[PDB]
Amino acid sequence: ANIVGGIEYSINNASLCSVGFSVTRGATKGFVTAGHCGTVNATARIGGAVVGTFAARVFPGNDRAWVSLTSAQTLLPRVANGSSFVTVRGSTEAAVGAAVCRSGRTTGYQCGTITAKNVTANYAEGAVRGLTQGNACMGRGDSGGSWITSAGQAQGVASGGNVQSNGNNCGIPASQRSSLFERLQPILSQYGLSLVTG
């Protein structure tokens, strides 16, 4: 299938999450996503077909993971933006206060700014440190999803946030949103991955 950031994928035919970014580890193809989305070996499927399995993951503590796919998968250096697509051109980390947008199967393509870095989150499953905070809204299912700058610089993958009863924080003012994401670079660097850029 066409591996693109922001699209929905299921795990063990039981839960939903979003694709982060297409990557390669040598000759191996794959994609980064959130660690809480699945456990090692868990099976990932896009549109019904098995595309690969979770090769590794850390959560809590961190919230990262990557899925190694089959040779038949097509890796595109893009991020879904509604019907359009933003081109991934690199992984340069943006500064606090920078404009950043995210994509996920639940809320689509939303923008906001980076408001804090190295955030420690008190998740029911355990604390996760080193997260970056932004005020673009998101909802459940958006996890693993891509966070990218207006110029295509890949920032990270969606981890969590202060969702409301409706399942997201789009209903509360930006000034009060806490949307967190795991930084991309430490993921690429830990699993010796290389981002697919265009």
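Heads up: residue numbers just count along the shown sequence, starting at 1.
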Of 127-135 and 63-71, the stretch whose C-alpha atoms average the higher B-factor in the entry: 63-71
Between 183-191 and 170-178, the record assigns the higher mean Cα B factor to 170-178
Looking at 37, 49, 56, 154, which one carries the largest C-alpha B-factor according to the PDB entry? 49
Ordered by C-alpha B-factor within the chain, which third holds residue 117? Give me lowest, middle or highest, please. lowest
Of the three thirds of Cα B-factor ranks in this chain, residue 94 occupies the lowest
For residue 13, does the deposited CA B-factor place it in the lowest, middle or highest third of the chain? highest
Sort the modelled residues of this chain by their C-alpha B factor and say whether residue 161 lands in the lowest, middle or highest third. lowest
B-factor third for the C-alpha atom of residue 145 within its chain: middle
